[PDB]
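Single chain ahead, by itself, as C-alpha cells, in the form deposited in one PDB entry.
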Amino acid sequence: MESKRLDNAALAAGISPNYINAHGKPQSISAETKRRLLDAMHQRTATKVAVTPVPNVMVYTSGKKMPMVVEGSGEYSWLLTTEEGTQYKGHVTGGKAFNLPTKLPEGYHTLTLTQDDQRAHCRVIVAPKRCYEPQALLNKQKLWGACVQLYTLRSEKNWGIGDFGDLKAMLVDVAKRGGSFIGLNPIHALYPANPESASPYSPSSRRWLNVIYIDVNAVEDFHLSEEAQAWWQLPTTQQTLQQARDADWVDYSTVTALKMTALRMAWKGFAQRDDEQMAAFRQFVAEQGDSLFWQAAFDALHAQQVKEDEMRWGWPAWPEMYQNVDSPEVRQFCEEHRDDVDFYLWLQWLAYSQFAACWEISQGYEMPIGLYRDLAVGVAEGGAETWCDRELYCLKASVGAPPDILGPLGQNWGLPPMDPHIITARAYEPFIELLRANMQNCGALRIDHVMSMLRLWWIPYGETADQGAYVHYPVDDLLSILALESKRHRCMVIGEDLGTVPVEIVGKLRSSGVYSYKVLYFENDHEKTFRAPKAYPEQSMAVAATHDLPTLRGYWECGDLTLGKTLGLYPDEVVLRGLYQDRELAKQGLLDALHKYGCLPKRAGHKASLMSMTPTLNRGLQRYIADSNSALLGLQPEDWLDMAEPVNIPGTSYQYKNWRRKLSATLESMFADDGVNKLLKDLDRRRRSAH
C-alpha cells in the first residue's frame, strides 16, 4: 500500500495519525508504524452484499430516547426480550429508524429482527449515567482506609507472606479505628511454576486470583491429612518456615514450595469428599466455565514444563505443540493429568472463598466500602489469558506510553493490547467479564490507567516506544458499561488518572461517577506551590504516595535518589543534581503549605533543608491529605511505621528486590503500638472535622 490508501485504512481502524512529541510539537506516525499496527489488528473484511439490518450491539443511557436505525428495505418484525424476560414485538421498515419502547430497565437485552428466514440480533445495553456511590459519599462524608501491598504484611500466623488470613484480621483493626476500607495491590493470578516473577503488573490473567495468598491455616483438609501433619511436623519444615517468616524480604520460591506441598496433600483428602464442600466446589467450577478450566490447565502444564527446563517462563517458550490449546498433546495432557488440572481448579476455589470470607467480615463491621481492589491495565504475553483466547489480544504490539516532555524515551509496558475490534465484535463480552471478575465481593475498584478506555499507546513488537501510536477504543460505550456493572455490583470506581488527561475526558469521567486519584507529591504547580487541602476535588481519592514512589521518609531524605545512584540508575550527574534541587524546592513548598493550612505546631521549623523526618512531620503530611476535600483517603502502613525503604523502583529489572520488601512490624505489634494508635485516631478525627 502507498501512503494515502494506508492513511485512510489506519484512520478507519482507530489509529490516531499523530501525537504531541517530547518537544511539544505534533508529529505524524510513520507509514511503517501504520502498516504494522494494521497487520496486528483483527479486522474482518466487509462484503457489503446484504449488510446487517441492525448492528450487533447498541448502548443507550437510561431515561432517553433510544433511536435504533434499520438498514435495508421491506417489512421486518422485531422482538425485544429484556434481561428480566419481558417481551416487546412489532414491525418496522428498512431505511427508517424506530425508537425502542420507553422506560426500559437497565441491563442486557436482545433485539431480534426477522424478514423471511433471515434473523439479525443486536445486544441492547441500557446503562445508568453514573457509577455507584455508597450512601456515605452521597451524604458528603469523608472516609479513610489503609492501602496495603498484601504480600508485605507480617503476622504471627502466616507462612512468610501476607495472605487472606492477615487481610481478614487487619480488616478488624482498621474498622475498629474508623477505617472504611482496605485497598489492595492487584491480586491477579501469577505463575506458581515461576514464583520469582512476582510483579502484579504482568499477570497470567486478570480474572483469576494469585494463589500464593491462600491462607493454608484456614484449609480444613490441611489439618485433617495425617500425611500433611507429618510433613508440617518435620524440623526442616519448621526451620524453612521460620526463616521465610524472619526474612525481611519475601522469599517467593520457598513460600510457594511450602504452600503447594501442603495443599497438594490437603487436596488428596478433599478430593474424597461427598459433602457441602465438594458440592460448592463443583458448582463454582461449572458456573465459572472454560475461562477457569484454561487457567487451571495452564498452571498444571506450566508446572510440568519447568521440570523439563526451568527457562519455560510462559507459553511462547514451550514446545510449539503445547502453544495451541486444541492440539492433540494439550488434549492428551488434560485427559491424563485431569487430577492436576483439578488441583489448580481447587486452589482458585480456595482463593475465591477466602477472599469472600474477608469481604463478609468487612460487611459484618459495616464498612461503607470494605474491600477495594486494583485492576492492572493488562496481561502478560505468555500467561493463561493469551494462551486460550489469542484472538482477543494483538501479540504483534505492546502497550506503553509515548515520549513526552518528562520522559523523552517513552515507556514499554510489555503487555499485548486487547483488540478494540474484537471487544466490539463480541458485544463487549470481554470487558464485561473483566469487570464482573474484579468487582465482585468488594465495594470499590481501582482502574489502573483509566485513560485506557479512550486509547492506548501501541508499539510495534520489539521497537522503541517512539515507533508507537495511539489506538482508540469506544470510550462512551465502555464508560456506560463501566457505570452499569458498577451499579449492579454496588461497587464504586476509582479511575487512576495521573499524567495527561485531555480536558474533554476529565469531564466524562467526572459525570460518569468515576473517582479521580490524587498523590500529594504531585499536587503542586510548576512553582512547587502545593494545592490547598480544601481545593482537592470532592470526587477524588487522596494518597501521600504509591507503591511506585518513595515513602514519606524516603521522599524527604531523597532516599530514592541516593539509593538510585547506588544501583546505577542515575549515571548522569548533571541530571541527578537537577532532581535533588527539584526535590528540595518541592520539600520547601510542601513545608510552607503544612504550616500554612495548620498541620503543624508553632515550634516546628520553617526551613525544609534543615529538617529531618520526625513523628510530628510524618503526622503533618498525613493530616494535610486527611484535611483534604477528597471524599476518600488512602494511607500506607509503611508511613505509620515510618519506613524509609521503597517497595518498587520503576525502571529497574534486577537491581532492587521489587515486590518483596516486608513491613517493618507485624499486624499484632503495629496495632498494639501507642504511636500508631494515636496517629490513626488523630487522622480519623481530622476526616470528621473535614465535614
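Note that residue numbering begins at 1 and tracks the sequence as displayed. In this text, rigid core is short for the largest set of C-alphas that superpose within 1.5 Å between two forms.
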* Higher mean Cα B-factor in the deposited model: 275-283 or 181-189? -> 275-283
* In the PDB record, does 552-560 or 304-312 carry the higher mean Cα temperature factor? -> 304-312
* Structure fact -> Entry record, C-alpha B-factors for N210, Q229, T546, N438; the maximum is at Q229
* Could you check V325, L263, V255, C599 and tell me which one carries the biggest Cα B-factor in the deposited entry? => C599
* What third of its chain, lowest, middle or highest, does the C-alpha temperature factor of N158 fall into? -> middle
* Structure fact -> Chain-relative C-alpha B factor for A13 (record values, thirds): the lowest
* Among the modelled residues of its chain, does the C-alpha B-factor of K65 lie in the lowest, middle or highest third? -> highest
* To do: Looking at the entry's B-factor column for C-alpha atoms only, identify whether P637 ranks in the lowest, middle or highest third of its chain.
  => middle
* Asked: Would the CA B-factor of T614 place it in the lowest, middle or highest third of its chain?
  -> highest
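Unshown form deposited in another entry; subsequent notes refer to it.
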* To do: Quick one: lay the two forms over each other on the core and tell me which of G598, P502, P537, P316 moves its CA by at least 2 angstroms between this form and the one not shown.
  => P502
* Asked: Is the C-alpha displacement of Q354 equal to or greater than 2 Å between this form and the one not shown once the rigid core has been superposed?
  -> no
* **Rigid core superposed: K34 CA moves 2 Å or more between this form and the one not shown** => yes
* Asked: Comparing between this form and the one not shown on the rigid core, is the C-alpha shift at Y372 2 Å or larger?
  -> no
